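*Asks:* Submitted below is the structure of interest, expressed as structure tokens.
Because the Cβ atoms are built from the backbone with ideal geometry, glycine has one as well, and the counts that use them run over all protein chains shown. None of the figures in this text is laboratory data; all of them are computed from the coordinates on show.
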Amino acid sequence: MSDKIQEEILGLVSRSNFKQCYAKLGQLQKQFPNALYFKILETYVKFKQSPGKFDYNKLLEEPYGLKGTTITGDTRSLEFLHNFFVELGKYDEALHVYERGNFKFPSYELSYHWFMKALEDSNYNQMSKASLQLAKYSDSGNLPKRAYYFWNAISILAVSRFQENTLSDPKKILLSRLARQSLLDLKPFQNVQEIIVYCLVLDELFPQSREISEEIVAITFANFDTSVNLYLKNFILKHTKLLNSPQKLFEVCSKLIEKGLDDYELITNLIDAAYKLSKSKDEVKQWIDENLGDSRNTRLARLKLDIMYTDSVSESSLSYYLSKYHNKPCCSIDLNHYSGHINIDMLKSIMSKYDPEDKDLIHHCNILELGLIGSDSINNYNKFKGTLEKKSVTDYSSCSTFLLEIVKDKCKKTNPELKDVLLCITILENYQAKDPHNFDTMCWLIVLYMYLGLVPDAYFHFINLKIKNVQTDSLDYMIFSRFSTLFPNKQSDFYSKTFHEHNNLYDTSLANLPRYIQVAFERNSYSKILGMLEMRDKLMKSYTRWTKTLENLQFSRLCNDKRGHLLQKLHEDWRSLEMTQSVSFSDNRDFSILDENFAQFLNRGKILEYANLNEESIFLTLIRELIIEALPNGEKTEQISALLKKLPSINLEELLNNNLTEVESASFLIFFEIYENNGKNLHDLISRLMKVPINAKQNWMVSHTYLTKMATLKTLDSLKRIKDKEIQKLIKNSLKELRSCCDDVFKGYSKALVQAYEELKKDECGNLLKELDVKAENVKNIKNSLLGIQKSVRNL
Amino acid sequence: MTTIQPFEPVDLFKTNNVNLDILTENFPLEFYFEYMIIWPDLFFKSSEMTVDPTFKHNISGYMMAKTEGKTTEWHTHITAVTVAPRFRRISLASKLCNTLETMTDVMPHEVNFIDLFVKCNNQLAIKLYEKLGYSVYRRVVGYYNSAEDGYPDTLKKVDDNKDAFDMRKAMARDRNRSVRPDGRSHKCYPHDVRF
């Protein structure tokens, strides 16, 4: 009955029909004079009608604020107060009322409710307080009192890892002391998870403590007698090494290895401990081989023993490992880890000793990466392109290493030419026709098209990857980054289906996290909680998560779509970040999937300038979108003003150029002039925006520079506060040339590609094309894709 | 070199090097959470210390399992096994299978046997499983039937591209009670597999 009123009142509040809300609440008031929930509803309705007309301090600070005295135990009344306080950005007072409510009316239900809602706000300090209240009143609860004390420890662990800024220096020691003593009083531990939390509490809240390491080592080693646990393996390995006890390290490794754990970390620690125990090299080698047999680690343990005992890898141990793995993909990384101790010629001679029949495709790839022989990708691929027709369809071909090496070499140039970009496209497309499931070359074909702006053929690749769930956050950045200025086609499956299905991670899965968080605590899966705690934090700060919403706001603006609902979610997302008291963005993009050294390759590669997006660029784009909402009101907001100070205290012009494109930099300065300076300088500012050249060599900038101009002008047209006649003349006149040059630029872009194809057929590109045993693909197909983009751009 | 490491929930962002494989399923994000909530200890990954985490993901694979059944049916079920393309055909798939053996044969699990479902046409997996001591117990007709395919109506019709093998290994404590040499000739509906 309480809920049924809530949406009815909110629905009438939503439709701005506030008049009958008071009477119906008054009817509820006369029936329920003591129901403070209706009193909270009244203020909520009052604030919605006119936020600037009702005194927040008089009506909310004194009854319910941080000094609030009006304290009630009704869960619904407190929930609505927390909701309204969060809606006002008063997160401190939002969770303050529940602590006071639990203080005035302590109960297992109210403490449980406080724990849940504080969990939603990521206030790890509050669950530490909330869990303790549950422990005292655990008598009426469904869980043992020992569970809640661990919950306090986990919450303390939560503050230590992610909310260390919220603790004063004396408080850290007090909470550290509290965490250990609560878990000590519950000894003996009932299960593995309880042991892990105590070890987790000691490991990070008492670092570099000698007695802490010994205590953890003792208890974990005792549990190893009957059960095998990997978490305790991590605990015992780290602290025993800190103990500087080679005898204990040898015993621990020997105990776990004898139990069937084939781990190189155990082997390395066994190897390191034996040397400090002065064990002979042969004794350790036979002991490892006797207990572990012939494995990848055991063969490579001998190489580790060679470096530790002789500072150089002996030919006996290396050849033994090369006896089985010379033609394996893992040979590359294993020998590279020891490249500083291995003689290259001695390794080279062994590779030349093997039979040419054993010198298979993988063997040459291992040769090519080791630098033993000069790059012969063209011949090696030609030699091994015969493996393409005999390999399994689902199996990946290692011939990509040859072809990608050529692709990388050309792409290492700072300014790829039009023919150079097209040259790599031709090579990979034929290989991808031969190797449909090979993501290594297929990802590069994707990246090649996006730089040229050719979305439709690149999007044809994504559906074949079957990207879903976690892969959306880490791999959609090649395609959905800045999508509003590249492929603004609402009717396309690209946006209608692929984009919409990818949002389910953020709109649905992200909201479903709290339910799974609760069961983990209740099922005593405390160990996964801390890692799963990091999972949610990175999600709301994800680069892809923030980019897609802001770009969609521009895309909705570009297509004249409604933005009132869209902004509301942005404020909720912005509110969600703010209550976590850590305003930051999480770069979860997987740049390593394309190249090992992609970090060095991002900033120098113009091939990925469309994906060059940092925290400063993301934060700025949020500011521009937030200005859009505030401009029709014409009022400066403290929300925007405070964020402006958080920007670097440098010249604003230079900050844009380091994180945003030139056209975006001009457009960014456009919105500030009207917002900050009341728009006195648009006449010069708009002229500079139109003076931005649009040349056929700009590749993806051509679509970007056109649509950024298209997006910003449409905003200023729809902004009704523009009253000066003269600036109104140029804004519409500037649009005229923008509509006119819609096809002029594209046919120039279309024309420019044609000569590049002719350049490919001739000179060095043609000669290698004959060497490639690959003939140039037809021009007409990609032109239709480019003309298809021009087809959609006209209707915009 | 390969080291067996716990699979943290945030490691899902570091699994692209394994997840882009065509036969490796990227399960719904909720499904990844369910396994670690009830059975965290068996949710681990294979990592390479030779691969620097700063420049590239070092995860070579991840193993999902569960324990079901009662009394004689108490067993560990292997759900999905995957190995990164860079680390295949080097018996690392065998190591993870043996890793579940030593983990579940001792306390607190002490399971009677290990079972899993593999498609009948998956000859690559069938030879791998049978090599390590696993034995086929029954053929699950229509295990991978979609909604369009509907529920199988008869066990007489069998298709290798649709039926799955109830593909088992017996432990020492089982005394081979849960395995039989004639498991291929036994057929049952997907609903008959209840624990």
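*Asks:* Please state which one of A:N603, A:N560, A:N552 is surrounded by fewer than 20 Cβ atoms within 10 Å (Cβ to Cβ), in contact (Cβ under 8 Å) with a residue 24 or more places away in the chain, more than 10 Å from chain B (Cβ to nearest Cβ) and over 18 Å from B:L29 (Cα atoms).
*Replies:* A:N560
*Asks:* Which of the residues spanning the range A:447-476 are within 12 Å of another protein chain (Cβ to nearest Cβ), under 14 Å from A:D590 (Cβ atoms) and assigned to a helix (DSSP H, G or I)?
*Replies:* A:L465, A:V470, A:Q471, A:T472, A:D473, A:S474, A:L475, A:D476
*Asks:* So, one more: Across the range B:1-15, what is the number of residues that are under 19 Å from A:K538 (Cβ atoms), within 20 Å of the chain's Cα centre (by Cα), outside any loop (DSSP other than H, G, I, E, B) and facing another protein chain (nearest Cβ under 7 Å)?
*Replies:* The qualifying residues number 3.
*Asks:* Something else: Could you please find all residues in the range A:643-677 being without any contact (Cβ under 8 Å) to a residue 40 or more places away in the chain, hydroxyl-bearing (S, T, Y) and under 28 Å from A:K723 (Cβ atoms)?
*Replies:* Across the range A:643-677, the qualifying residue is only A:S665.
*Asks:* Counting residues that are closer than 29 Å to A:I446 by Cα, which helices (runs of 4 or more DSSP H) fully inside the range A:575-667 reach at least 1?
*Replies:* A:598-602, A:615-633, A:652-659
*Asks:* So, of the residues in the range A:154-170 that are part of a helix (DSSP H, G or I) and either over 15 Å from A:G531 (Cα atoms) or of a type in the set (K, R) (or both), which turns out to be farthest from the chain's Cα centre (by Cα)?
*Replies:* This residue is A:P170.
*Asks:* Go through the range A:247-328 and tell me which helices (runs of 4 or more DSSP H), entirely inside it, have 1 or more residues that are closer than 20 Å to B:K95 by Cα and touching a strand residue (DSSP E or B) at 6+ places or on another chain (Cβ under 8 Å).
*Replies:* A:264-276, A:296-310
*Asks:* Continuing with this model, one more query. Here's a check for you: in the range B:38-86, which residue that is within 8 Å of chain A (Cβ to nearest Cβ) and aromatic (F, W, Y) is farthest from B:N176 (Cα to Cα)?
*Replies:* B:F55
*Asks:* Of the numbered conditions (1) at the interface with chain A (Cβ under 7 Å from one of its Cβ atoms); (2) within 19 Å of A:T508 (Cβ to Cβ); (3) of a type outside the set (S, T, N, Q), B:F31 satisfies every one except a single condition; which is it?
*Replies:* (1)
*Asks:* Kindly list, by first and then second residue, each pair from a residue in the range A:258-286 that is within 24 Å of B:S47 (Cα to Cα) to a residue that is of a type in the set (K, R) and not in a helix (DSSP H, G or I), limited to pairs with Cβ atoms under 9 Å and residues at least 6 apart or on different chains.
*Replies:* Final answer for the pair search is A:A273/A:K279.
*Asks:* OK, next. For the condition farther than 28 Å from A:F487 by Cβ and either assigned to a loop (DSSP other than H, G, I, E, B) or without any contact (Cβ under 8 Å) to a residue 60 or more places away in the chain (or both), what is the one hit in A:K680, A:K709?
*Replies:* A:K680
*Asks:* Tell me, please, whether a residue that is closer than 26 Å to A:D272 by Cα, loosely packed, with under 15 Cβ neighbours inside 10 Å, within 13 Å of chain B (Cβ to nearest Cβ) and not aliphatic (A, V, I, L, M) can be found in the range A:342-362.
*Replies:* No, the conditions are met nowhere in the range A:342-362.
*Asks:* Ok, one more. Any residue in the range A:619-627 that is surrounded by fewer than 20 Cβ atoms within 10 Å (Cβ to Cβ), free of Cβ contacts under 8 Å to residues at least 12 places away in the same chain and not β-branched (V, I, T)?
*Replies:* no
*Asks:* Anything in the range B:162-194 that is under 18 Å from the mean Cα position of the chain (by Cα) and over 28 Å from B:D105 (Cα atoms)? List them, or say none.
*Replies:* B:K162, B:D163
*Asks:* Looking at B:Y144 and the list (1) surrounded by fewer than 18 Cβ atoms within 10 Å (Cβ to Cβ); (2) among the aromatic types (F, W, Y); (3) assigned to a strand (DSSP E or B), which single condition is not satisfied?
*Replies:* (3)
*Asks:* Also, quick follow-up: Looking at A:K385, A:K391, can you tell me which residue is within 14 Å of chain B (Cβ to nearest Cβ), basic (K, R) and over 25 Å from B:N58 (Cα atoms)?
*Replies:* A:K391
*Asks:* Shifting gears a bit: What helices (runs of 4 or more DSSP H), lying completely within the range A:174-244, carry at least 3 residues that are within 13 Å of chain B (Cβ to nearest Cβ) and more than 21 Å from A:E265 (Cα to Cα)?
*Replies:* Once the helices (runs of 4 or more DSSP H) in the range A:174-244 are filtered for at least 3 residues that are within 13 Å of chain B (Cβ to nearest Cβ) and more than 21 Å from A:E265 (Cα to Cα), what remains is A:192-205.
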